[PDB]
Structure formats: structure tokens, C-alpha cells
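Here the structure is laid out as C-alpha cells; the discussion comes afterwards.
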Amino acid sequence: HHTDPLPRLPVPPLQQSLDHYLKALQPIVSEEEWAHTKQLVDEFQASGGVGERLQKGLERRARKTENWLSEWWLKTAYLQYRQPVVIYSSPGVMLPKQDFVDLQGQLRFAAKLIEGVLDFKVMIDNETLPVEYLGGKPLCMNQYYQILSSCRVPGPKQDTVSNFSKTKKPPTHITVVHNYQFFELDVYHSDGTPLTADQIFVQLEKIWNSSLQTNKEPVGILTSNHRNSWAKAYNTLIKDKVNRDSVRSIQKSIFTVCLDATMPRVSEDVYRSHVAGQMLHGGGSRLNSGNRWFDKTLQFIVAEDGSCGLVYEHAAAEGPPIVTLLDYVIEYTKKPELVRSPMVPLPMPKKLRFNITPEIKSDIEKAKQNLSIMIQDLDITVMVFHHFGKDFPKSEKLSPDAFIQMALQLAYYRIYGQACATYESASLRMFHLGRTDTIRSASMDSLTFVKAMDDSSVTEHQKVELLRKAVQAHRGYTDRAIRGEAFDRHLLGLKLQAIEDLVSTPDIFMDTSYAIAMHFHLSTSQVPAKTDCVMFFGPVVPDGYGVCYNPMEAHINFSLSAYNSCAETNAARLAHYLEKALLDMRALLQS
């Protein structure tokens, strides 16, 4: 017995997407660039033209696949993306600081966290995970079944992803890494029952004491390099039988727990921002960066000082499902243990050794150098907006997410003096195997709003009208995007369909306007969670920002990133303007 299958991802009508595209370009391209683009768009959609041919191609594809976009998206967005996954692909999450003060407290928490994941896994293994709903409609739960017991695998041309959860005899162990040393930890007894918290704690003590050495080679840091470099080093690494066995154990593990060293001197108010760095990239070659396996889909991180969080491989899922799993786990850690497994002898967790040769050492050194450059160029800040959360916008009958997005547009305009291509993730989970699509936060309504907000010749009454119009318009774009009515994925599809049809790239995609539209100076995402956490990721362009937030009832946790190589961007500065924009908007509405 089961409810009806989810609707299939739709292909939107050609003219609808093209009209929306032209409207989204208006505030971020010049008048002449727009005029030229309109010409190209009309050429593209002319009767009997290229556009209609590609459109029929996608409609055909939708009739022959479970989701016309799923395979293409996984391939183009992740598997064929060759930049390192660290910072540029794998999002990190920071949890509230834990109160443990000694090793006992640290390991008790790590054990509870582990037990929590195994509890969640009961639903994955039995396919009994409850279906989530949005606006009365069921959502696809496929992403949740890709998180555990999975791992990305480097390839010379493109990467692949392995999921061992439904094999003949699925893995029964996690992997724990401490001071760069990996250990295979069975978390189920011979009869298939769990280890309980007490038993896991006992095993973690053994692992801890078996890895006190701090001068081992950080083999794991190899996973942080450019995908072509890692594919090369990976092939070399697994030539040795022992190395291959160790790599296989790591790849097959349910998940990985990283027992981190405490970061450098605090340096005061920059504590939260530095911990975010620890969760996203590890902090450095001499830190915590080698205490990982970035190909692993799920890595939980627990440091000695109480700083905790996770970093996940992006090919498997989106932010919302990841933090939902996190919420479940954290909630579990707060409940009292009800049943302790019978006391029985426990084996010694197996240390996964690596035989290092000069070649491998050389690859390790190159990986350390590459990552150092990456980390030094990352500018990340975390800001807790304590003034209000979802409560205020709701009291004004405005969508909190749309309110926040318009505040960001205002902050950006106040710094730059112009609007910019902006991306906000939309979840397509109402559809079978749906992932994401784009919400275009920069619009003519948002532009009109930001231009009038600080104009002393405009009445307070008109500023309020323009503000509400921009917020409501954004919410409109949001709701349509979630219903599969946006246009960005559709345009990508038409582009990929042309490749499959052996036709040259249509002019609309080689147009200056499209380049501008796809160059997101602001790439954003709302990732709500019950736990007071925050997610973060690096910008998608050298001169852009990455902005992520978790709106709570009375406050909002924000994450903002930028690259130091671009002198025009600064995360802390944008954060400051964002804080004032939010406050100014509340002040205007409340008057």
C-alpha cells in the first residue's frame, strides 16, 4: 500500500520561459544589450525555428524518462564539475557550541550523535522515512536515500558516485578520523542490532588512544584537490593493496565522524566565522583539513572545544534535506537512552593504514599547497541577526524569505549602485526526483524599490507600496519556481538538447546578455532548520558572494562568503549593510 506517484517534472511552454527571461534581464543589462537580446529571442522562437525544434525534443525526452532533467543535471552540475569540491561544491554547517569541557564529554556527545544517525538509518533501510509535505503536497524523498553509505569516486574524465546502501550485504561500519588517522568502526553486532551509546563511547576511546600521534601524513587532504589532480593521485594511491583496502573501507562506510583539534587563538568576535571555516574546509594543511575525506557524502565534525558541525558532498542532496537529517540527530541526542545493549566483549576498531611512497608524498604536498591557496582566498563571516526573525514579516503579512531577499537586494544596491544577477535556490521536490531551479531575485520591482528607498523626494507612503510590491512579486516568482514554472533549468535543457541534436549552440546562449544572466554576483539559499544552525558555501564566481540563512522565529542566522582576490567584495561589509537594510525595512513598515 502506497499513495500515488509524484507528478513528473514539467517542461514549461517555450514562449512563457522566453518572456520571463527577457523580463529578468531588464534590470541587469543595458538598454541596447536588451534590445539585441530581444531580437535574438524572437529569432529563436520564430515559427518552424530552432527553439520549437528543441522544445519538441525536451517534450519527447519527458515522455521517455522518469525526470527529463535528472541525469543531465547530476552530470553537468556535479560529475563534470572539475574544481575542488572543498569550498566550491560541498556545503558546510555549523551547530551551536557544545558544553562539554573534557574528553568524556566530547566522546559522549560524538557517541550520541552516532547513535542518532543509526536511528535515522532504520527508516532508510526499511524505507519508512515519513514523506514531507509543502502546501499540502507530498515531496520526493529520494535525496535522503543517497546520503548514507555513499561516496563520490574520482574519474579521469568525470566523476561517479557509489551508493552501497542496497547491495547484497550493506556496510555495517562507520569511519572515524582523528589526527589524520582513519579507523573502521563496526556499529552493529553480529545479530544486526546496534551498538548502543555506551558501547560506541568505549570504542571511541580506543580509537582516540590509538591515534594520539600528530605527525602522520594527511592522506585525506588529497580529496580536497582539483578533480583532475585527485583522479591522478587516487589512481596512484590505490595501486598498493593495503591502500586500496583502506580507501574501500572509507568509501563504503555509513558515514564519517571527524575528531578535530581546537582551532587557533579565538581572536575574539571572529570566533563563529573561524569555526565556519573549520567546518567548510578544515582550517588549513596544518590544521583539520587532513582530518577528512571530502568524497564522503556525510562527515560530522566534533572538535575538542565543543565546536561541532558537518560538511556534505553536494551530488547527493540539497541543503534542506541535510539539515533535516541534522535536526533529527540533534533531537535524538537530547532524549534519554531507553535500552542499553547487553554487556559483551568488543573488538578493537581497525586502523586503516596507508603505505606512503615518494610519489604519494609528492601528491600530498601538492594538495596541501593547493588547499592553502584556496583557504587564504576565502573570506567568510557569520552574522546572527538578533533583532527579529520570521515573526516581524509575518506580522506584516509578508513572506519572511521574500522579505530577507529584498533586504539583500537593498544592501547590494546601497554598496554597488546597481543591481546584479542574483540566484536563490528553489526546491523542485514536488516532482519525482526533482532537485532545484532558479529564483531570480533581481527584478524590475526590486530595482524600483531599492532606487526609491533612500530617495528623499519619495513619500514614505510610496516607499511602503514599492517595498510590499517587491516582496510580493518575489514571493510570486518563488511559488512559480517551486511549481516547475521558472525558466532557468528549461533554458539549460534547450541548450543540452541542441547538443544531443547535433546543432550548433543557439545564438541566445552565446549572447552577452546570457553570460551576464548566468554570472551570479549573489548566489543565495534559504536553509531552514529547527536546530539553531547555519549553512555556508563559497561564491560561484570570483567577484561574487555566497549567502545562506536559517530564519528562526525571533532571529536569523546568516552566512556570507567572498573571495579576497576580488578587492571589490567583502563579506563583513555586505553583512553590515544587510543588517541595516533589514532594520530600515522594519522601521519603514512599522511607521
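Labeling convention for the C-alpha cells: chains A, B, ... as they appear, residues from 1 per chain, ligands from 1 in order of appearance.
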Using DSSP secondary structure from the backbone, list all strand (DSSP E or B) positions within range 362-415 of chain A, as JSON, numbers by chain.
{"A": [378, 379, 380, 381, 382, 383, 384, 385]}
Can those selected residues be exported to a file as a short mmCIF file (atom, residue, chain, number, x, y, z; two decimals), in the first residue's frame so that it contains N, CA, C and O atoms?
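So the final result, stored in part_22.cif, reads:
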data_model
loop_
_atom_site.label_atom_id
_atom_site.label_comp_id
_atom_site.auth_asym_id
_atom_site.auth_seq_id
_atom_site.Cartn_x
_atom_site.Cartn_y
_atom_site.Cartn_z
N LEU A 378 39.60 32.63 0.74
CA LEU A 378 38.21 32.64 1.18
C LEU A 378 37.94 33.61 2.33
O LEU A 378 38.61 33.58 3.36
N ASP A 379 36.93 34.45 2.15
CA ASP A 379 36.52 35.44 3.14
C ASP A 379 35.11 35.05 3.58
O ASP A 379 34.16 35.17 2.81
N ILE A 380 34.98 34.55 4.80
CA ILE A 380 33.68 34.12 5.29
C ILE A 380 33.32 34.74 6.63
O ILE A 380 34.17 34.89 7.52
N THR A 381 32.06 35.12 6.78
CA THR A 381 31.59 35.71 8.02
C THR A 381 30.23 35.13 8.38
O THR A 381 29.44 34.77 7.51
N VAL A 382 29.99 35.01 9.68
CA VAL A 382 28.72 34.51 10.17
C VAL A 382 28.13 35.63 11.01
O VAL A 382 28.80 36.20 11.86
N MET A 383 26.88 35.96 10.73
CA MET A 383 26.20 37.02 11.47
C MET A 383 24.87 36.54 11.99
O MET A 383 24.04 36.03 11.23
N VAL A 384 24.67 36.71 13.29
CA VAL A 384 23.41 36.33 13.90
C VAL A 384 22.59 37.62 14.02
O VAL A 384 22.93 38.51 14.80
N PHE A 385 21.55 37.72 13.20
CA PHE A 385 20.66 38.88 13.19
C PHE A 385 19.69 38.64 14.34
O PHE A 385 18.73 37.88 14.21
#
Using only C-alpha atoms, the shortest atom-to-atom distance to residue 439 in chain A among A:177, A:473, A:510, A:562 belongs to A:473
For residue 361 in chain A, the closest of A:550, A:236, A:179, A:418 counting only C-alpha atoms is A:236
Write out as a PyMOL selection string the set of residues from range 178-244 of chain A that DSSP, computed on the backbone, places in helix (DSSP H, G or I).
chain A and resi 197-209+219-224+227-237+241-244
Just want the 7 Å neighbourhood of residue 259 in chain A, counted on only C-alpha atoms, with same-chain residues fewer than 4 positions away dropped. Output as an MDAnalysis selection string.
chainID A and resid 177:178 301:303
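The smallest atom-to-atom distance between residue 60 in chain A and any of A:35, A:251, A:284, A:497, using only C-alpha atoms, is found for A:497.
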Taking 5 positions as the minimum chain separation for residues in the same chain, which residues sit within 12 Å of residue 77 in chain A when counting only C-alpha atoms? Answer as a ChimeraX atom specification.
/A:69-72,82-83,85,88-89,158-159,314-316,435-437,489,492,540
Residues at most 10 Å from residue 370 in chain A, counting only C-alpha atoms, excluding those fewer than 3 positions away in the same chain, as a list in words?
residues 84, 222, 224, 225, 226, 285, 364, 365, 366, 367, 373, 374 and 375 of chain A
Write out as a tab-separated table the residues of range 36-86 of chain A that have any atom within 12 Å of an atom of range 27-32 of chain A, one row each with the nearest atom pair and its distance in Å to one decimal, counting only C-alpha atoms, sorted by chain and then rising number.
residue	atom	partner	partner_atom	distance
A:36	CA	A:32	CA	6.2
A:37	CA	A:32	CA	8.6
A:38	CA	A:32	CA	9.8
A:39	CA	A:32	CA	10.8
Selection to disk with N, CA and C atoms, as a PDB file, in the first residue's frame:
ATOM      1  N   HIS A  36      19.107  43.996 -28.301  1.00  0.00           N
ATOM      2  CA  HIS A  36      19.729  42.980 -29.137  1.00  0.00           C
ATOM      3  C   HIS A  36      19.223  41.595 -28.735  1.00  0.00           C
ATOM      4  N   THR A  37      19.151  41.352 -27.432  1.00  0.00           N
ATOM      5  CA  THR A  37      18.687  40.067 -26.936  1.00  0.00           C
ATOM      6  C   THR A  37      17.249  39.787 -27.356  1.00  0.00           C
ATOM      7  N   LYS A  38      16.399  40.812 -27.337  1.00  0.00           N
ATOM      8  CA  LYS A  38      15.016  40.611 -27.744  1.00  0.00           C
ATOM      9  C   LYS A  38      14.998  40.123 -29.190  1.00  0.00           C
ATOM     10  N   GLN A  39      15.889  40.685 -30.001  1.00  0.00           N
ATOM     11  CA  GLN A  39      15.989  40.300 -31.404  1.00  0.00           C
ATOM     12  C   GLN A  39      16.361  38.825 -31.513  1.00  0.00           C
TER      13      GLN A  39
END
Go through A:548, A:101, A:86, A:453 and flag the residue nearest residue 535 in chain A, using only C-alpha atoms for the distances.
A:548
Selection near residue 205 in chain A, 12 Å with only C-alpha atoms, sequence-local residues under 6 positions removed, as an MDAnalysis selection string:
chainID A and resid 103:108 110:111 176 178 185 198:199 211:212 259 348:349
Any chance you could export the current selection's N, CA, C and O atoms as a short mmCIF file (atom, residue, chain, number, x, y, z; two decimals), in the first residue's frame?
data_model
loop_
_atom_site.label_atom_id
_atom_site.label_comp_id
_atom_site.auth_asym_id
_atom_site.auth_seq_id
_atom_site.Cartn_x
_atom_site.Cartn_y
_atom_site.Cartn_z
N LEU A 103 37.39 15.27 27.66
CA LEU A 103 37.26 14.24 26.64
C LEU A 103 36.01 13.39 26.83
O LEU A 103 35.34 13.03 25.85
N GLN A 104 35.68 13.06 28.08
CA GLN A 104 34.50 12.26 28.36
C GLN A 104 33.29 12.93 27.72
O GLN A 104 32.52 12.30 27.00
N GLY A 105 33.13 14.23 27.98
CA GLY A 105 32.01 14.95 27.41
C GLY A 105 32.01 14.97 25.90
O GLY A 105 30.96 14.84 25.26
N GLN A 106 33.19 15.14 25.31
CA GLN A 106 33.31 15.18 23.85
C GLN A 106 32.88 13.86 23.22
O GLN A 106 32.06 13.83 22.30
N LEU A 107 33.43 12.76 23.72
CA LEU A 107 33.10 11.44 23.18
C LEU A 107 31.68 10.99 23.49
O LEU A 107 31.08 10.23 22.72
N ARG A 108 31.13 11.43 24.62
CA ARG A 108 29.75 11.07 24.96
C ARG A 108 28.85 11.70 23.90
O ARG A 108 27.88 11.09 23.44
N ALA A 110 29.78 12.67 20.78
CA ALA A 110 30.02 12.02 19.49
C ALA A 110 29.30 10.67 19.43
O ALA A 110 28.76 10.28 18.39
N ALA A 111 29.28 9.95 20.55
CA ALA A 111 28.61 8.65 20.59
C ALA A 111 27.10 8.81 20.39
O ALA A 111 26.48 8.03 19.67
N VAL A 176 36.01 6.73 11.47
CA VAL A 176 36.31 7.81 12.40
C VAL A 176 37.73 8.23 12.07
O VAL A 176 38.60 7.38 11.85
N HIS A 178 40.92 10.81 13.34
CA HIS A 178 41.46 11.60 14.43
C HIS A 178 42.94 11.80 14.16
O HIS A 178 43.67 10.83 13.95
N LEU A 185 35.00 1.35 12.18
CA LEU A 185 34.26 1.01 13.40
C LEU A 185 32.93 0.34 13.10
O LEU A 185 32.01 0.98 12.61
N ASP A 198 26.69 3.66 24.99
CA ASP A 198 27.75 3.26 25.91
C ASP A 198 28.85 2.46 25.21
O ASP A 198 30.04 2.68 25.45
N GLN A 199 28.45 1.55 24.34
CA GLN A 199 29.40 0.73 23.60
C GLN A 199 30.18 1.57 22.59
O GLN A 199 31.38 1.39 22.41
N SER A 211 45.31 6.89 18.19
CA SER A 211 45.66 7.91 17.21
C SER A 211 46.11 9.22 17.86
O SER A 211 45.70 10.30 17.45
N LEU A 212 46.95 9.10 18.89
CA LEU A 212 47.46 10.27 19.59
C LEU A 212 48.57 10.95 18.78
O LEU A 212 48.83 12.13 18.95
N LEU A 259 37.08 13.76 14.47
CA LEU A 259 37.54 14.25 15.80
C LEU A 259 38.79 15.22 15.66
O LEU A 259 39.95 14.81 15.69
N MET A 348 38.67 -4.55 18.75
CA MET A 348 39.44 -3.33 18.60
C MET A 348 39.15 -2.73 17.23
O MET A 348 39.30 -3.41 16.21
N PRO A 349 38.69 -1.48 17.18
CA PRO A 349 38.40 -0.87 15.87
C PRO A 349 39.66 -0.94 15.01
O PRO A 349 40.76 -0.68 15.48
#
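Among the candidate residues A:330, A:310, A:515, A:219, the one lying nearest to residue 258 in chain A is A:310, with distances computed using only C-alpha atoms.
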